[PDB]
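Peer 1: The file below is protein37.txt, compact mmCIF, N, CA and C atoms and all ligand atoms:
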# COMPACT_ATOMS: atom_id res chain seq x y z
N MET A 1 39.86 -41.25 -25.58
CA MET A 1 39.89 -40.87 -24.14
C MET A 1 38.52 -40.34 -23.71
N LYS A 2 37.47 -40.81 -24.32
CA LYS A 2 36.11 -40.33 -23.93
C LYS A 2 35.09 -41.43 -24.19
N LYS A 3 33.88 -41.25 -23.75
CA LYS A 3 32.85 -42.28 -24.01
C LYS A 3 31.49 -41.61 -24.23
N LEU A 4 30.64 -42.25 -24.97
CA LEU A 4 29.29 -41.67 -25.22
C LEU A 4 28.33 -42.80 -25.63
N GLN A 5 27.08 -42.66 -25.33
CA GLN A 5 26.11 -43.72 -25.71
C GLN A 5 25.04 -43.13 -26.61
N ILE A 6 24.34 -43.96 -27.32
CA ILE A 6 23.29 -43.44 -28.22
C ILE A 6 21.96 -44.10 -27.88
N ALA A 7 21.02 -43.33 -27.42
CA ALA A 7 19.70 -43.90 -27.06
C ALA A 7 18.84 -43.98 -28.32
N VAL A 8 19.23 -44.77 -29.28
CA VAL A 8 18.43 -44.87 -30.52
C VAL A 8 17.22 -45.78 -30.27
N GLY A 9 17.41 -47.06 -30.30
CA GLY A 9 16.26 -47.96 -30.09
C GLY A 9 15.42 -47.92 -31.36
N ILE A 10 15.77 -48.74 -32.31
CA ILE A 10 15.01 -48.74 -33.58
C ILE A 10 13.54 -48.83 -33.23
N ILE A 11 12.68 -48.64 -34.17
CA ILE A 11 11.24 -48.69 -33.84
C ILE A 11 10.47 -49.45 -34.92
N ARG A 12 10.54 -50.76 -34.89
CA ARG A 12 9.78 -51.56 -35.90
C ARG A 12 8.35 -51.68 -35.39
N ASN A 13 7.34 -51.54 -36.22
CA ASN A 13 5.97 -51.62 -35.63
C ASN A 13 4.86 -51.97 -36.64
N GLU A 14 5.10 -52.19 -37.89
CA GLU A 14 3.92 -52.56 -38.76
C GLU A 14 3.85 -54.08 -38.79
N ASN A 15 5.00 -54.65 -38.71
CA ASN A 15 5.19 -56.12 -38.65
C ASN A 15 6.61 -56.23 -38.16
N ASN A 16 7.42 -55.46 -38.82
CA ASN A 16 8.84 -55.29 -38.51
C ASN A 16 9.23 -54.00 -39.22
N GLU A 17 8.33 -53.03 -39.25
CA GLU A 17 8.64 -51.77 -39.99
C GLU A 17 9.33 -50.75 -39.09
N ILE A 18 10.62 -50.64 -39.21
CA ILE A 18 11.37 -49.66 -38.36
C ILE A 18 11.45 -48.30 -39.04
N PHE A 19 11.50 -47.27 -38.26
CA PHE A 19 11.62 -45.89 -38.81
C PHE A 19 13.11 -45.62 -39.09
N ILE A 20 13.80 -46.58 -39.64
CA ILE A 20 15.25 -46.42 -39.91
C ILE A 20 15.51 -45.64 -41.19
N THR A 21 16.65 -45.04 -41.27
CA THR A 21 17.02 -44.29 -42.50
C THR A 21 17.12 -45.29 -43.65
N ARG A 22 16.06 -45.45 -44.40
CA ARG A 22 16.08 -46.45 -45.50
C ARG A 22 16.22 -45.77 -46.86
N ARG A 23 17.41 -45.37 -47.21
CA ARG A 23 17.67 -44.71 -48.53
C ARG A 23 16.40 -44.03 -49.05
N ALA A 24 16.06 -42.90 -48.50
CA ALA A 24 14.83 -42.19 -48.96
C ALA A 24 14.77 -42.24 -50.49
N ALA A 25 15.85 -41.91 -51.14
CA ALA A 25 15.88 -41.95 -52.63
C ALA A 25 16.10 -43.40 -53.08
N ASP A 26 15.66 -43.75 -54.25
CA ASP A 26 15.86 -45.15 -54.73
C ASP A 26 17.36 -45.43 -54.85
N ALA A 27 17.88 -46.27 -54.00
CA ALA A 27 19.34 -46.58 -54.06
C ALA A 27 19.57 -47.91 -54.79
N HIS A 28 20.69 -48.05 -55.44
CA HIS A 28 20.98 -49.32 -56.15
C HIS A 28 21.43 -50.36 -55.13
N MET A 29 21.87 -49.91 -53.99
CA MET A 29 22.33 -50.86 -52.93
C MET A 29 21.19 -51.06 -51.93
N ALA A 30 21.47 -51.64 -50.79
CA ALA A 30 20.39 -51.86 -49.79
C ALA A 30 20.98 -52.00 -48.39
N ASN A 31 22.19 -51.55 -48.20
CA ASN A 31 22.81 -51.65 -46.85
C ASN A 31 22.69 -50.30 -46.14
N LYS A 32 21.82 -49.45 -46.63
CA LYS A 32 21.66 -48.10 -46.01
C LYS A 32 20.76 -48.17 -44.77
N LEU A 33 20.88 -49.19 -43.97
CA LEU A 33 20.03 -49.27 -42.75
C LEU A 33 20.88 -49.00 -41.51
N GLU A 34 20.95 -47.76 -41.09
CA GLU A 34 21.77 -47.43 -39.89
C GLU A 34 20.90 -47.51 -38.63
N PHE A 35 20.89 -46.49 -37.81
CA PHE A 35 20.05 -46.55 -36.59
C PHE A 35 19.74 -45.12 -36.11
N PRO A 36 18.48 -44.88 -35.82
CA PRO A 36 18.01 -43.57 -35.35
C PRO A 36 18.69 -43.20 -34.03
N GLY A 37 19.84 -42.57 -34.09
CA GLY A 37 20.57 -42.18 -32.85
C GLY A 37 19.67 -41.36 -31.92
N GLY A 38 20.28 -40.64 -31.01
CA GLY A 38 19.51 -39.81 -30.05
C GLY A 38 20.42 -39.41 -28.89
N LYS A 39 21.39 -40.23 -28.58
CA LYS A 39 22.34 -39.92 -27.47
C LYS A 39 21.65 -40.03 -26.11
N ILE A 40 21.87 -41.10 -25.41
CA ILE A 40 21.24 -41.23 -24.06
C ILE A 40 22.08 -40.46 -23.04
N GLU A 41 21.45 -39.66 -22.23
CA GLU A 41 22.21 -38.89 -21.21
C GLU A 41 21.24 -38.19 -20.25
N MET A 42 20.09 -37.81 -20.74
CA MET A 42 19.09 -37.12 -19.86
C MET A 42 18.84 -37.97 -18.62
N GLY A 43 18.30 -37.38 -17.59
CA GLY A 43 18.02 -38.15 -16.34
C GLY A 43 19.28 -38.89 -15.90
N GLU A 44 19.21 -40.18 -15.81
CA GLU A 44 20.39 -40.98 -15.39
C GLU A 44 20.11 -42.46 -15.64
N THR A 45 19.23 -42.75 -16.55
CA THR A 45 18.88 -44.17 -16.84
C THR A 45 18.39 -44.24 -18.28
N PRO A 46 18.69 -45.31 -18.96
CA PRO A 46 18.28 -45.49 -20.37
C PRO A 46 16.79 -45.18 -20.56
N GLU A 47 16.02 -45.13 -19.50
CA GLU A 47 14.57 -44.82 -19.66
C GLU A 47 14.41 -43.31 -19.85
N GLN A 48 14.58 -42.52 -18.83
CA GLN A 48 14.43 -41.05 -19.00
C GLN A 48 15.37 -40.57 -20.10
N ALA A 49 16.49 -41.23 -20.25
CA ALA A 49 17.46 -40.82 -21.29
C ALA A 49 16.88 -41.06 -22.68
N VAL A 50 16.61 -42.29 -23.02
CA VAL A 50 16.05 -42.58 -24.37
C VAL A 50 14.63 -42.01 -24.50
N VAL A 51 13.82 -42.28 -23.53
CA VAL A 51 12.41 -41.81 -23.54
C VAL A 51 12.36 -40.28 -23.70
N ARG A 52 13.22 -39.58 -23.01
CA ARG A 52 13.23 -38.09 -23.12
C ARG A 52 13.93 -37.73 -24.43
N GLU A 53 14.84 -38.56 -24.85
CA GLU A 53 15.52 -38.33 -26.15
C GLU A 53 14.55 -38.71 -27.24
N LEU A 54 13.49 -39.37 -26.86
CA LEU A 54 12.45 -39.80 -27.82
C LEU A 54 11.54 -38.62 -28.15
N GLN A 55 10.95 -38.05 -27.14
CA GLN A 55 10.02 -36.89 -27.34
C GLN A 55 10.78 -35.67 -27.87
N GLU A 56 11.94 -35.41 -27.34
CA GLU A 56 12.70 -34.20 -27.79
C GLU A 56 12.96 -34.23 -29.31
N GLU A 57 12.97 -35.38 -29.93
CA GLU A 57 13.23 -35.40 -31.40
C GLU A 57 11.96 -35.05 -32.18
N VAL A 58 11.09 -36.01 -32.41
CA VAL A 58 9.85 -35.73 -33.17
C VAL A 58 8.80 -35.08 -32.26
N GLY A 59 8.12 -35.85 -31.46
CA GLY A 59 7.10 -35.25 -30.55
C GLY A 59 5.88 -36.17 -30.42
N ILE A 60 6.06 -37.46 -30.47
CA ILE A 60 4.89 -38.38 -30.32
C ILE A 60 4.79 -38.79 -28.85
N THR A 61 4.12 -39.87 -28.54
CA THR A 61 4.01 -40.28 -27.11
C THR A 61 4.25 -41.79 -26.96
N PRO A 62 3.33 -42.62 -27.41
CA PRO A 62 3.48 -44.08 -27.31
C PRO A 62 4.74 -44.53 -28.05
N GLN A 63 4.90 -45.82 -28.16
CA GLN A 63 6.08 -46.43 -28.85
C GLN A 63 6.43 -47.70 -28.09
N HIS A 64 6.01 -47.79 -26.85
CA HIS A 64 6.32 -49.01 -26.05
C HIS A 64 7.78 -49.39 -26.29
N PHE A 65 8.68 -48.62 -25.75
CA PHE A 65 10.13 -48.90 -25.96
C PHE A 65 10.55 -50.18 -25.22
N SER A 66 11.51 -50.86 -25.76
CA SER A 66 12.02 -52.11 -25.12
C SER A 66 13.53 -52.17 -25.35
N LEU A 67 14.28 -52.68 -24.42
CA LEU A 67 15.76 -52.71 -24.61
C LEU A 67 16.12 -53.65 -25.76
N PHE A 68 15.93 -54.93 -25.56
CA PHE A 68 16.26 -55.96 -26.59
C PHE A 68 17.77 -56.25 -26.50
N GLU A 69 18.58 -55.24 -26.53
CA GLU A 69 20.05 -55.45 -26.44
C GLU A 69 20.77 -54.17 -26.81
N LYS A 70 22.07 -54.18 -26.75
CA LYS A 70 22.84 -52.95 -27.09
C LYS A 70 24.28 -53.34 -27.44
N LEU A 71 24.97 -52.51 -28.16
CA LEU A 71 26.37 -52.86 -28.53
C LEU A 71 27.34 -51.84 -27.94
N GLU A 72 28.60 -52.00 -28.23
CA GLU A 72 29.63 -51.05 -27.73
C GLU A 72 30.81 -51.11 -28.70
N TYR A 73 30.79 -50.29 -29.71
CA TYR A 73 31.90 -50.31 -30.70
C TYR A 73 33.07 -49.53 -30.11
N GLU A 74 34.23 -50.12 -30.07
CA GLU A 74 35.38 -49.41 -29.49
C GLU A 74 36.25 -48.85 -30.61
N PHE A 75 36.65 -47.62 -30.50
CA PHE A 75 37.50 -47.01 -31.56
C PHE A 75 38.86 -46.65 -30.96
N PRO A 76 39.79 -46.26 -31.80
CA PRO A 76 41.15 -45.89 -31.36
C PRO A 76 41.06 -44.91 -30.18
N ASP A 77 40.25 -43.91 -30.30
CA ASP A 77 40.11 -42.93 -29.19
C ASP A 77 38.64 -42.54 -29.08
N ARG A 78 37.76 -43.46 -29.37
CA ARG A 78 36.31 -43.15 -29.31
C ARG A 78 35.54 -44.34 -28.72
N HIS A 79 35.32 -44.34 -27.43
CA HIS A 79 34.54 -45.45 -26.81
C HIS A 79 33.06 -45.15 -26.99
N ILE A 80 32.46 -45.64 -28.04
CA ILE A 80 31.02 -45.33 -28.29
C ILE A 80 30.11 -46.46 -27.79
N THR A 81 28.85 -46.15 -27.65
CA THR A 81 27.85 -47.16 -27.21
C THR A 81 26.58 -46.92 -28.03
N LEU A 82 25.63 -47.80 -27.99
CA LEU A 82 24.40 -47.56 -28.79
C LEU A 82 23.23 -48.35 -28.23
N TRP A 83 22.55 -47.81 -27.25
CA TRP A 83 21.38 -48.54 -26.67
C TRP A 83 20.35 -48.81 -27.77
N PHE A 84 19.94 -50.03 -27.93
CA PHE A 84 18.93 -50.35 -28.99
C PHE A 84 17.56 -50.51 -28.36
N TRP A 85 16.96 -49.45 -27.90
CA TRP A 85 15.61 -49.58 -27.29
C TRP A 85 14.58 -49.79 -28.40
N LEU A 86 14.31 -51.02 -28.74
CA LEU A 86 13.34 -51.30 -29.83
C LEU A 86 11.91 -51.03 -29.36
N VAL A 87 11.20 -50.22 -30.09
CA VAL A 87 9.79 -49.91 -29.71
C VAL A 87 8.87 -50.54 -30.77
N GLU A 88 7.58 -50.59 -30.54
CA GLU A 88 6.70 -51.23 -31.57
C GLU A 88 5.29 -50.62 -31.62
N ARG A 89 5.07 -49.46 -31.07
CA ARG A 89 3.68 -48.87 -31.16
C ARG A 89 3.72 -47.36 -30.92
N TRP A 90 4.30 -46.63 -31.82
CA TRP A 90 4.35 -45.15 -31.64
C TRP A 90 3.01 -44.54 -32.07
N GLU A 91 2.77 -43.32 -31.69
CA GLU A 91 1.50 -42.65 -32.09
C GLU A 91 1.65 -42.13 -33.52
N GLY A 92 0.61 -42.22 -34.31
CA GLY A 92 0.64 -41.71 -35.72
C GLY A 92 2.06 -41.76 -36.31
N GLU A 93 2.87 -40.79 -35.98
CA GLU A 93 4.26 -40.76 -36.52
C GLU A 93 5.23 -41.27 -35.44
N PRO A 94 6.33 -41.84 -35.89
CA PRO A 94 7.37 -42.38 -34.99
C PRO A 94 8.17 -41.25 -34.33
N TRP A 95 9.36 -41.56 -33.88
CA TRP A 95 10.23 -40.54 -33.25
C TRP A 95 11.53 -41.18 -32.76
N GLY A 96 12.64 -40.85 -33.36
CA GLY A 96 13.93 -41.46 -32.90
C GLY A 96 15.07 -41.04 -33.83
N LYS A 97 14.84 -41.00 -35.11
CA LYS A 97 15.93 -40.60 -36.05
C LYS A 97 16.66 -39.37 -35.49
N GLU A 98 17.95 -39.46 -35.32
CA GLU A 98 18.69 -38.28 -34.80
C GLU A 98 18.79 -37.25 -35.93
N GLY A 99 19.96 -37.01 -36.45
CA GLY A 99 20.08 -36.06 -37.59
C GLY A 99 19.86 -36.85 -38.88
N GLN A 100 19.39 -38.07 -38.76
CA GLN A 100 19.15 -38.93 -39.95
C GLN A 100 17.70 -38.77 -40.42
N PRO A 101 17.40 -39.31 -41.57
CA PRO A 101 16.04 -39.23 -42.15
C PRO A 101 15.06 -40.07 -41.32
N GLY A 102 15.42 -41.29 -41.02
CA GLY A 102 14.51 -42.16 -40.24
C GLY A 102 13.21 -42.33 -41.02
N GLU A 103 12.87 -43.53 -41.39
CA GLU A 103 11.61 -43.73 -42.17
C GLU A 103 11.11 -45.16 -42.02
N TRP A 104 9.82 -45.34 -41.99
CA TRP A 104 9.27 -46.71 -41.87
C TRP A 104 9.98 -47.60 -42.89
N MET A 105 10.39 -48.77 -42.50
CA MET A 105 11.09 -49.65 -43.46
C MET A 105 10.46 -51.03 -43.44
N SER A 106 9.82 -51.42 -44.51
CA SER A 106 9.20 -52.77 -44.55
C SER A 106 10.30 -53.80 -44.81
N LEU A 107 11.11 -54.07 -43.82
CA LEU A 107 12.22 -55.05 -43.98
C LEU A 107 11.68 -56.47 -43.83
N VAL A 108 11.23 -56.80 -42.64
CA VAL A 108 10.69 -58.17 -42.33
C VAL A 108 11.73 -58.95 -41.54
N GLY A 109 11.59 -59.00 -40.25
CA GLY A 109 12.59 -59.74 -39.42
C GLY A 109 13.98 -59.42 -39.95
N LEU A 110 14.52 -58.31 -39.54
CA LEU A 110 15.87 -57.86 -40.01
C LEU A 110 16.77 -59.05 -40.35
N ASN A 111 17.70 -58.83 -41.23
CA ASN A 111 18.61 -59.93 -41.64
C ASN A 111 20.07 -59.46 -41.63
N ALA A 112 20.29 -58.19 -41.40
CA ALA A 112 21.69 -57.66 -41.41
C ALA A 112 22.18 -57.59 -42.86
N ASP A 113 21.37 -58.04 -43.78
CA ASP A 113 21.74 -57.98 -45.22
C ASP A 113 21.46 -56.57 -45.72
N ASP A 114 20.60 -55.88 -45.03
CA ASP A 114 20.24 -54.49 -45.42
C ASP A 114 20.92 -53.51 -44.46
N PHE A 115 21.48 -54.01 -43.39
CA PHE A 115 22.16 -53.12 -42.41
C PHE A 115 23.68 -53.21 -42.60
N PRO A 116 24.35 -52.10 -42.40
CA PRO A 116 25.82 -52.01 -42.55
C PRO A 116 26.52 -52.87 -41.49
N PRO A 117 27.69 -53.34 -41.85
CA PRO A 117 28.51 -54.17 -40.94
C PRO A 117 28.95 -53.33 -39.73
N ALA A 118 28.99 -52.03 -39.89
CA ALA A 118 29.42 -51.15 -38.76
C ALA A 118 28.72 -51.58 -37.48
N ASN A 119 27.41 -51.57 -37.48
CA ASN A 119 26.67 -51.99 -36.25
C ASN A 119 26.50 -53.50 -36.27
N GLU A 120 27.54 -54.21 -36.57
CA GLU A 120 27.47 -55.70 -36.62
C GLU A 120 27.05 -56.31 -35.26
N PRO A 121 27.62 -55.81 -34.18
CA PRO A 121 27.33 -56.34 -32.83
C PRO A 121 25.83 -56.38 -32.52
N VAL A 122 25.07 -55.42 -32.97
CA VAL A 122 23.61 -55.45 -32.67
C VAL A 122 22.84 -55.98 -33.88
N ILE A 123 23.25 -55.63 -35.06
CA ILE A 123 22.54 -56.12 -36.27
C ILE A 123 22.55 -57.64 -36.24
N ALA A 124 23.53 -58.21 -35.60
CA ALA A 124 23.61 -59.69 -35.50
C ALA A 124 22.36 -60.19 -34.78
N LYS A 125 21.95 -59.47 -33.78
CA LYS A 125 20.75 -59.85 -32.99
C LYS A 125 19.48 -59.54 -33.78
N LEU A 126 19.42 -58.43 -34.46
CA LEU A 126 18.19 -58.12 -35.25
C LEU A 126 17.96 -59.30 -36.18
N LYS A 127 19.03 -59.76 -36.77
CA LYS A 127 18.95 -60.92 -37.69
C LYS A 127 17.98 -61.94 -37.11
N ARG A 128 18.06 -62.14 -35.83
CA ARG A 128 17.16 -63.11 -35.15
C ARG A 128 15.79 -62.46 -34.93
N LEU A 129 15.77 -61.29 -34.36
CA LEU A 129 14.47 -60.59 -34.11
C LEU A 129 13.42 -61.60 -33.64
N1 LIG A 201 27.73 -45.21 -33.22
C1 LIG A 201 28.49 -44.12 -33.12
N2 LIG A 201 29.71 -44.12 -33.67
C2 LIG A 201 30.49 -43.04 -33.57
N3 LIG A 201 30.21 -41.89 -32.96
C3 LIG A 201 28.98 -41.92 -32.41
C4 LIG A 201 28.08 -42.97 -32.44
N4 LIG A 201 26.91 -42.63 -31.76
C5 LIG A 201 27.17 -41.43 -31.37
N5 LIG A 201 28.37 -40.90 -31.71
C6 LIG A 201 28.89 -39.54 -31.50
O1 LIG A 201 29.02 -39.24 -30.10
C7 LIG A 201 28.38 -37.97 -29.81
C8 LIG A 201 27.58 -38.02 -28.52
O2 LIG A 201 27.64 -36.78 -27.82
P1 LIG A 201 26.30 -35.95 -27.48
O3 LIG A 201 26.62 -34.52 -27.69
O4 LIG A 201 25.87 -36.38 -26.13
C9 LIG A 201 25.25 -36.33 -28.46
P2 LIG A 201 24.13 -35.37 -28.35
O5 LIG A 201 24.54 -33.98 -29.04
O6 LIG A 201 23.82 -35.13 -26.92
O7 LIG A 201 22.82 -35.98 -29.05
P3 LIG A 201 22.34 -36.00 -30.59
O8 LIG A 201 22.74 -37.47 -31.11
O9 LIG A 201 20.87 -35.82 -30.65
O10 LIG A 201 23.09 -34.86 -31.44
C10 LIG A 201 27.49 -37.64 -30.98
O11 LIG A 201 27.60 -36.26 -31.34
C11 LIG A 201 27.92 -38.54 -32.10
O12 LIG A 201 28.55 -37.79 -33.15
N1 LIG A 202 21.93 -32.72 -29.76
CO1 LIG A 202 23.78 -33.00 -30.75
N2 LIG A 202 24.46 -31.15 -30.01
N3 LIG A 202 25.62 -33.29 -31.73
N4 LIG A 202 23.01 -32.04 -32.46
MG MG A 203 18.74 -36.80 -29.45
Show me, as structure tokens, the structure contained in the file I just sent.
Ligand SMILES: Nc1ncnc2c1ncn2[C@@H]1O[C@H](COP(=O)(O)CP(=O)(O)OP(=O)(O)O)[C@@H](O)[C@H]1O
Ligand code: CON
Ligand SMILES: [Mg+2]
Peer 2:
Amino acid sequence: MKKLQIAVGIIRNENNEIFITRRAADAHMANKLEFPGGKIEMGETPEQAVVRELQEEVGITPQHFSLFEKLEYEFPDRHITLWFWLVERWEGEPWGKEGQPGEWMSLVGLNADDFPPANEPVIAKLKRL
């Protein structure tokens, strides 16, 4: 009976290096690629919302955010959303990981093979990148 959106917007920028939570510790698996949440709500548009949710987390400036696409996972009583504002040129350090680690990830044109099926609706598009 509620709804919420997430102004994450992965941030690939070395070639396709996103600041995604990439198993900081050496993991035996490789599907630990979630998405730097942030919760869009500030202002009243995915711009001031994600952009302001961008600085409020780390504290950089650039990043050249871009929509690219977004999903909407529906739950029994949880209407969630997840704006994927993909950026590609942050200053020195990135900025987006919510309560997650968020770390540069040398993936290479995402494939969804390293990302969990949970965010299937958007990971399907990264696959194309
Ligand atoms: N993909 C997802 N699946 C399920 N729940 C999600 C989700 N993305 C976000 N949520 C949940 O929905 C809540 C959104 O409410 P908000 O309080 O507006 C977030 P927030 O506290 O403003 O931002 P924050 O993400 O920086 O903590 C989050 O606390 C999160 O737990
Ligand atoms: N910005 Co929050 N209140 N679920 N940590
Ligand atoms: Mg936030």
Peer 1: Provide the atom CA of residue 31 of chain A to atom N4 of ligand LIG 202 (chain A) distance in Å, to one decimal place.
Peer 2: 24.3 Å
Peer 1: Around ligand MG 203 (chain A), which protein and nucleic acid residues have at least one atom no more than 6 Å from it, if we count only N, CA and C atoms and all ligand atoms? List them as a list in words.
Peer 2: residues 37, 38, 39, 53, 57 and 98 of chain A
Peer 1: So that I have them on file, write out the residues from the current selection with N, CA and C atoms, as an mmCIF file, in the frame of the given file.
Peer 2:
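Output saved as again-v7.cif:
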data_model
loop_
_atom_site.group_PDB
_atom_site.id
_atom_site.type_symbol
_atom_site.label_atom_id
_atom_site.label_comp_id
_atom_site.auth_asym_id
_atom_site.auth_seq_id
_atom_site.Cartn_x
_atom_site.Cartn_y
_atom_site.Cartn_z
ATOM 1 N N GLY A 37 19.840 -42.570 -34.090
ATOM 2 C CA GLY A 37 20.570 -42.180 -32.850
ATOM 3 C C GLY A 37 19.670 -41.360 -31.920
ATOM 4 N N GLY A 38 20.280 -40.640 -31.010
ATOM 5 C CA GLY A 38 19.510 -39.810 -30.050
ATOM 6 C C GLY A 38 20.420 -39.410 -28.890
ATOM 7 N N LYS A 39 21.390 -40.230 -28.580
ATOM 8 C CA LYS A 39 22.340 -39.920 -27.470
ATOM 9 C C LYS A 39 21.650 -40.030 -26.110
ATOM 10 N N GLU A 53 14.840 -38.560 -24.850
ATOM 11 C CA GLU A 53 15.520 -38.330 -26.150
ATOM 12 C C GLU A 53 14.550 -38.710 -27.240
ATOM 13 N N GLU A 57 12.970 -35.380 -29.930
ATOM 14 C CA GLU A 57 13.230 -35.400 -31.400
ATOM 15 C C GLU A 57 11.960 -35.050 -32.180
ATOM 16 N N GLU A 98 17.950 -39.460 -35.320
ATOM 17 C CA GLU A 98 18.690 -38.280 -34.800
ATOM 18 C C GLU A 98 18.790 -37.250 -35.930
#
Peer 1: As an MDAnalysis selection string, which residues of chain A does DSSP assign to strand (DSSP E)?
Peer 2: chainID A and resid 3:4 17:18 66:71 79:80 82:86 105:106
Peer 1: Figure out the distance between atom CA of residue 89 of chain A and atom CA of residue 12 of chain A, please, to one decimal in Å.
Peer 2: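 Between atom CA of residue 12 of chain A and atom CA of residue 89 of chain A the gap works out to 8.2 Å.
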Peer 1: Just give me the gap between atom CA of residue 5 of chain A and atom CA of residue 115 of chain A in Å, one decimal is fine.
Peer 2: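 So the two atoms, atom CA of residue 5 of chain A and atom CA of residue 115 of chain A, lie 19.6 Å apart.
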Peer 1: If you count all atoms listed in the file, which residues fall within 6.5 Å of residue 128 of chain A, apart from same-chain ones fewer than 6 positions away, as number ranges by chain?
Peer 2: A: 109-111
Peer 1: Could you give me, as a VMD selection string, the residues that have an atom at most 12 Å away from the point (19.5, -45.7, -20.8) in the coordinates of the file, using only C-alpha atoms?
Peer 2: chain A and resid 4 to 9 38 to 54 65 to 67 69 to 70 81 to 85
Peer 1: With N, CA and C atoms retained, write the just-selected residues as a compact mmCIF listing (two decimals), in the frame of the given file.
Peer 2:
# COMPACT_ATOMS: atom_id res chain seq x y z
N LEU A 4 30.64 -42.25 -24.97
CA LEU A 4 29.29 -41.67 -25.22
C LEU A 4 28.33 -42.80 -25.63
N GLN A 5 27.08 -42.66 -25.33
CA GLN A 5 26.11 -43.72 -25.71
C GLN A 5 25.04 -43.13 -26.61
N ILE A 6 24.34 -43.96 -27.32
CA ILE A 6 23.29 -43.44 -28.22
C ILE A 6 21.96 -44.10 -27.88
N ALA A 7 21.02 -43.33 -27.42
CA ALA A 7 19.70 -43.90 -27.06
C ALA A 7 18.84 -43.98 -28.32
N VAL A 8 19.23 -44.77 -29.28
CA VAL A 8 18.43 -44.87 -30.52
C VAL A 8 17.22 -45.78 -30.27
N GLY A 9 17.41 -47.06 -30.30
CA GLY A 9 16.26 -47.96 -30.09
C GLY A 9 15.42 -47.92 -31.36
N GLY A 38 20.28 -40.64 -31.01
CA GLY A 38 19.51 -39.81 -30.05
C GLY A 38 20.42 -39.41 -28.89
N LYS A 39 21.39 -40.23 -28.58
CA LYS A 39 22.34 -39.92 -27.47
C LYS A 39 21.65 -40.03 -26.11
N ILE A 40 21.87 -41.10 -25.41
CA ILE A 40 21.24 -41.23 -24.06
C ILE A 40 22.08 -40.46 -23.04
N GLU A 41 21.45 -39.66 -22.23
CA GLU A 41 22.21 -38.89 -21.21
C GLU A 41 21.24 -38.19 -20.25
N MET A 42 20.09 -37.81 -20.74
CA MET A 42 19.09 -37.12 -19.86
C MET A 42 18.84 -37.97 -18.62
N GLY A 43 18.30 -37.38 -17.59
CA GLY A 43 18.02 -38.15 -16.34
C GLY A 43 19.28 -38.89 -15.90
N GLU A 44 19.21 -40.18 -15.81
CA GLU A 44 20.39 -40.98 -15.39
C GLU A 44 20.11 -42.46 -15.64
N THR A 45 19.23 -42.75 -16.55
CA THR A 45 18.88 -44.17 -16.84
C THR A 45 18.39 -44.24 -18.28
N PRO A 46 18.69 -45.31 -18.96
CA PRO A 46 18.28 -45.49 -20.37
C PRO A 46 16.79 -45.18 -20.56
N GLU A 47 16.02 -45.13 -19.50
CA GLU A 47 14.57 -44.82 -19.66
C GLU A 47 14.41 -43.31 -19.85
N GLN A 48 14.58 -42.52 -18.83
CA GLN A 48 14.43 -41.05 -19.00
C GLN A 48 15.37 -40.57 -20.10
N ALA A 49 16.49 -41.23 -20.25
CA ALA A 49 17.46 -40.82 -21.29
C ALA A 49 16.88 -41.06 -22.68
N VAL A 50 16.61 -42.29 -23.02
CA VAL A 50 16.05 -42.58 -24.37
C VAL A 50 14.63 -42.01 -24.50
N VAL A 51 13.82 -42.28 -23.53
CA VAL A 51 12.41 -41.81 -23.54
C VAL A 51 12.36 -40.28 -23.70
N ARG A 52 13.22 -39.58 -23.01
CA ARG A 52 13.23 -38.09 -23.12
C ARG A 52 13.93 -37.73 -24.43
N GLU A 53 14.84 -38.56 -24.85
CA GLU A 53 15.52 -38.33 -26.15
C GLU A 53 14.55 -38.71 -27.24
N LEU A 54 13.49 -39.37 -26.86
CA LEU A 54 12.45 -39.80 -27.82
C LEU A 54 11.54 -38.62 -28.15
N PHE A 65 8.68 -48.62 -25.75
CA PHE A 65 10.13 -48.90 -25.96
C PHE A 65 10.55 -50.18 -25.22
N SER A 66 11.51 -50.86 -25.76
CA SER A 66 12.02 -52.11 -25.12
C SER A 66 13.53 -52.17 -25.35
N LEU A 67 14.28 -52.68 -24.42
CA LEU A 67 15.76 -52.71 -24.61
C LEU A 67 16.12 -53.65 -25.76
N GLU A 69 18.58 -55.24 -26.53
CA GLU A 69 20.05 -55.45 -26.44
C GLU A 69 20.77 -54.17 -26.81
N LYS A 70 22.07 -54.18 -26.75
CA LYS A 70 22.84 -52.95 -27.09
C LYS A 70 24.28 -53.34 -27.44
N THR A 81 28.85 -46.15 -27.65
CA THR A 81 27.85 -47.16 -27.21
C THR A 81 26.58 -46.92 -28.03
N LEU A 82 25.63 -47.80 -27.99
CA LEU A 82 24.40 -47.56 -28.79
C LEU A 82 23.23 -48.35 -28.23
N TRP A 83 22.55 -47.81 -27.25
CA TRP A 83 21.38 -48.54 -26.67
C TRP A 83 20.35 -48.81 -27.77
N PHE A 84 19.94 -50.03 -27.93
CA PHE A 84 18.93 -50.35 -28.99
C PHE A 84 17.56 -50.51 -28.36
N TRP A 85 16.96 -49.45 -27.90
CA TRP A 85 15.61 -49.58 -27.29
C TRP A 85 14.58 -49.79 -28.40
Peer 1: Using only C-alpha atoms and all ligand atoms, can you tell me which of A:26, A:99, A:10, A:35 comes closest to ligand LIG 202 (chain A)?
Peer 2: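 That would be A:99, the residue with the smallest distance to ligand LIG 202 (chain A).
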Peer 1: Just asking: which residues within segment 65-121 of chain A are helix (DSSP H, G or I) according to DSSP, as a list in words?
Peer 2: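 Going through segment 65-121 of chain A, the helix (DSSP H, G or I) residues come out as residues 117, 118, 119, 120 and 121 of chain A.
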Peer 1: For a quick check of your reading of the model, name the residues lying within 9 Å of the coordinate (6.2, -36.1, -31.2), counting only C-alpha atoms, and write them as a PyMOL selection string.
Peer 2: chain A and resi 54-61+91+93-95
Peer 1: Can you sort out the box for ligand LIG 202 (chain A), edges along x, y and z, all listed atoms in, 4 Å on every side, with centre and edge lengths in Å to one decimal, as lines of an AutoDock Vina configuration file?
Peer 2:
center_x = 23.8
center_y = -32.2
center_z = -31.1
size_x = 11.7
size_y = 10.1
size_z = 10.7
